[PDB]
Peer 1: 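There's a structure below that I have some questions on.
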Amino acid sequence: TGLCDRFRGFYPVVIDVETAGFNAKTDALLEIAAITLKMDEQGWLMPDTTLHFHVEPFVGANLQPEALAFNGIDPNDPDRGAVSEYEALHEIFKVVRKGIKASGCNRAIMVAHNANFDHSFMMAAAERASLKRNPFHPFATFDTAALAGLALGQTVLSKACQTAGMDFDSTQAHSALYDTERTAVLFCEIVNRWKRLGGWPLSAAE
DNA sequence: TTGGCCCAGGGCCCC
Ligand SMILES: [Mg+2]
Ligand SMILES: [Mg+2]
């Protein structure tokens, strides 16, 4: 009933990014939050550690106005508190490598909504900053849109949360911290409901 | 417990 036995040794980490566009290679990463997970004694999954950073646009990054219109971020504001892609990701990777070790996992896997998006941005930022020993799987993800489709019959984040019996706020939507937390709680509830229904462990049904 | 965008009104929701 250990975390390391749940996902074949993958350590699931919830990620949401806010960006200045849809292209991971050309558009600025502006914000990232990460939430690691843990299992209790009863084997229920739940949020553990929470990290959140404002990110300084990389050298030569594009900034799409419509993106900034959508997320309401201003990369010029000297008050936002931005750090380098190197800084935010170094911190995230350190906390993650520590969680992998403590739980006896061997690799992290990104949990995110329409996960290829956040995965592509984090990987692009890691490559730019030349971070070595990136603990995240280089192509596998746990997409909560697909998981919600299965569990809840909904793929839109806000709707999936509401369908799962969670609160989800519009006026708080479109900020990394809130997004990541709701996503983490959605993922945990999906995993936990599968367990409550006797789908896990694989021996439980019989 | 989406308001606003994008291809008048409908449907979309990873920025
Ligand atoms: Mg968001
Ligand atoms: Mg997102």
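Quick note: numbers below take in every heavy atom, side chains included, and nothing from hydrogens, waters or symmetry partners. Chain A is the first sequence line, chain B the second, and so forth, proteins listed ahead of strands; every chain is numbered from 1.
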Peer 1: Could you tell me if the ring centre of A/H119 sits under 6.0 Å from that of A/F121?
Peer 2: no
Peer 1: Can you find a side chain N or O atom of A/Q172 that sits less than 4.0 Å from OP1 or OP2 on B/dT2?
Peer 2: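 No.
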Peer 1: Distance check, P atoms only: B/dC6 and B/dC15, in whole angstrom units.
Peer 2: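 To the nearest whole Å, 15 Å.
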Peer 1: Under a plain distance cut-off of 3.5 Å, with no hydrogens placed, do A/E31 and A/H52 share a side-chain donor-acceptor pair?
Peer 2: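 Side-chain D/A pair, A/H52 to A/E31: present.
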Peer 1: Taking N or O atoms only and anything under 3.5 Å, show me the protein contacts with nucleotides 11-15 of chain B, one pair per line.
Peer 2:
from   : atom 1 : to     : atom 2 : distance (Å)
B/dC14 : OP1    : A/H113 : NE2    : 3.4
B/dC14 : OP1    : A/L157 : N      : 2.9
B/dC14 : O5'    : A/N114 : ND2    : 3.3
B/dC14 : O4'    : A/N114 : ND2    : 3.0
B/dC15 : OP1    : A/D179 : OD2    : 3.3
B/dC15 : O3'    : A/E18  : OE1    : 2.7
B/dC15 : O3'    : A/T19  : N      : 3.0
B/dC15 : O3'    : A/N71  : ND2    : 3.1

Peer 1: Expressed in whole Å, how much space separates the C1' atoms belonging to B/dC5 and B/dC14?
Peer 2: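 To the nearest whole Å, 15 Å.
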Peer 1: In terms of side-chain heavy atoms, does A/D143 have a donor or acceptor partner in A/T141 at a distance below 3.5 Å?
Peer 2: no
Peer 1: Using the benzene-type ring in the case of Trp, are the ring centres of A/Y178 and A/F168 under 6.0 Å apart?
Peer 2: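 Yes, the ring of A/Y178 comes within the 6.0 Å limit of the ring of A/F168, centre to centre.
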Peer 1: Please report the distance separating the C1' of B/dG10 from the corresponding atom of B/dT2, rounded so that it comes out in whole Å.
Peer 2: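 That atom pair is separated by 15 Å.
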Peer 1: Does a side-chain N-to-carboxylate-O contact under 4.0 Å join A/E56 and A/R80?
Peer 2: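 Salt bridge absent between A/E56 and A/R80.
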Peer 1: Can you name the one residue among A/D48, A/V191, A/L45, A/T49 that meets side-chain contact (heavy atoms from CB on, under 4.5 Å) with A/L37?
Peer 2: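 Only one option passes, and that is A/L45.
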Peer 1: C1'-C2'-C3'-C4' for B/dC6: north (positive) or south (negative)?
Peer 2: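 On the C2'-endo side: south.
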